[PDB]
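Structure 1 and structure 2, given next as structure tokens, are two forms of the same protein chain, each shown alone.
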Structure 1
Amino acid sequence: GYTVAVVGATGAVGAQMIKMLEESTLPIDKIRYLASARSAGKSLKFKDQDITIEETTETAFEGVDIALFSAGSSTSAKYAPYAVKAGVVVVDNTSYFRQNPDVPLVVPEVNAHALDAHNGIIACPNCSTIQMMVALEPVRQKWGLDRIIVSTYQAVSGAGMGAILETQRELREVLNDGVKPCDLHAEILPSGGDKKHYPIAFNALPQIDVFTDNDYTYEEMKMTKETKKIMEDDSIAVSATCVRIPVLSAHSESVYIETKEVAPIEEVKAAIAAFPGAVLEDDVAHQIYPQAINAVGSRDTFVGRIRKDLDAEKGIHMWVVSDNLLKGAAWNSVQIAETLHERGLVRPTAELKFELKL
């Protein structure tokens, strides 16, 4: 079995990663937990064993076969290249390596073949990207895709624990103390790093991440760029509007597509139902459709409201929901690690293609 490291083992992101790993089929002979110097010497569970946390350093990766990063971009930028030099295969959680041409950007049900050429680092995509790829891939392979227009209804958990607590506090102030939504004080949302912060309670914020020079946000542009790379087709026209709403867990997406050939709705439904990691919830006669609150805790991507556009012959609308913390993050990362093993790709990389910082 493997020596596996979790890099950024403390905190809510790390805990999510641990949980998925604990339920993994991956044969693990040794587990190691890596975090900041402040956390070193502390203890966290892995299954029935207490694991002493070690500090992430340049020298900390000796003997490690697989490393699951679950921290920020600065940790990945600093330590992933050293992991690779030590002979590790890195599965990175952040956006940092995603657009690097030497790095596969992978959703295992969609483009597992891209893993074969890896150079020691595989990137997990953005949570809003992942679920859309799961829903659309089965349609693309049978009828192609020309364009995507998506409007998202994204959960606050995507911005971390701080954002979830901010959301609950603001809602309690409104409903328990009679504070007006306009009088709320926000500190994190819509974006932690940006200059101004706004209440999410009883609101809809059309900003996730910060703005880019073209007036789309980085979140919207990630959906555009990650789709093209994952599906390996730069001619797929993708445009997105990313909106945060008062939901703690699970993103919802309103998805419009136009296929290359006319796709019979009954056949689109059947194709999604048969696709791994996807579940059809579409029976409008009984008001069956995907719902955020029903998806929390499940690894599945749920699709419904599938219907033809009223005018465009090849246009289809659908509703896509998934738990952003599982398939949107930790489960996709662990599934990548299982897929690497599945295909015989856990091996040291001879040529270092990522420069050493520090």
Structure 2
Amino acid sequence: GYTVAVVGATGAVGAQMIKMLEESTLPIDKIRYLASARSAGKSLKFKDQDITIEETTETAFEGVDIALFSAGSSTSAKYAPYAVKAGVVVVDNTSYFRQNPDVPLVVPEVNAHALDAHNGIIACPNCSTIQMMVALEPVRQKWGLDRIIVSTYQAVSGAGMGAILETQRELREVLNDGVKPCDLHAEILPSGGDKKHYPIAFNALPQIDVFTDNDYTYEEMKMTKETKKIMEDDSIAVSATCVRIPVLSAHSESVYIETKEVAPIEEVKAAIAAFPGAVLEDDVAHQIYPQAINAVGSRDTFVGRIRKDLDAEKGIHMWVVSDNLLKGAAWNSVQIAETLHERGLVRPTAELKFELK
């Protein structure tokens, strides 16, 4: 079997990567947990086995076959090239390698073929992007895609473990202490790295990540550029508004598309239902539609509210929901690792294409 390393094992995604690996089919002979120096020495479970957390260093990757990175862009930038040098195949959850031409940006149901020519690093797309790709690929295959307009309803777990705890504290201070939401103190959201912080309790924050030069945030721009790479079509127009809402787990998306050819709605529903990873939850007569709370804990992407635009001949609206820590992150990574195993792609890379930092 393989030696599998989890880099960032203590975090929000890291905990779910452990769960996904525990339930995986991957033949694992040895599992290692990697994090920062402050977590080194602490014990963490794998099934009913005790694993000691190690510090992530340049020389900590010898003997490793697969490394699952989920410890922030900074950690992947520094240590992933050393992993590749050690013969590891890296699956990275961070944004750092996503737009590198030598790095496949993969959603297994959409572009597994991109894995074949990998150079030691496979990039997982952004959580908000992934679920959109699963929903839209079956539509693109049959009727094409001209444009996408998306407004997101994103969970706080997307910003990490700290953001969950901040959201929970704030809500308790309003409900238990009677503090007005506008008077709350915040330290993480909307973006930990940014200059100012705002409450999320009873709020909708139209900022995820930091702002770019064109007044869109990096989150919105990631959705644009990642879609183009994943679907291998730069002509697809994509514009996004990414919003954080008071939900702990699971992202929701209001998605508008225009197809190249008129796509009958009942055929659209059937195509999405037949697509691997996508579940049709669409029966308005019985108020059936995807819901954040129902999606939590599931690997599937749930699609509903499918209806044609009231005016645009080729326009379609839909509602897309998936667990941001699973398909949005940890499950997508483990699924990639499983696909790599299937295709005999877990082996050292001879040519090193990534600069050592």
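Residue numbering: structure 1 sequence, from 1. Here the rigid core means the biggest group of C-alpha atoms that line up within 1.5 Å when the two forms are laid on top of each other.
- With the core held fixed between structure 1 and structure 2, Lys42 has its Cα displaced by at least 2 Å.
- Once both forms are fitted on their rigid core, the CA atom of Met20 lies less than 2 Å apart between structure 1 and structure 2.
- Put the two forms on the same core and the Cα of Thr10 is off by 2 Å or more between structure 1 and structure 2.
- After superposition on the rigid core, the Cα atom of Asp177 is displaced by 1.0 Å between structure 1 and structure 2.
- For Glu55, the displacement of the CA atom between structure 1 and structure 2, after superposition on the rigid core, amounts to 2.3 Å.
- Taking the core as the fixed frame between structure 1 and structure 2, we note the C-alpha of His118 moving 0.2 angstrom.
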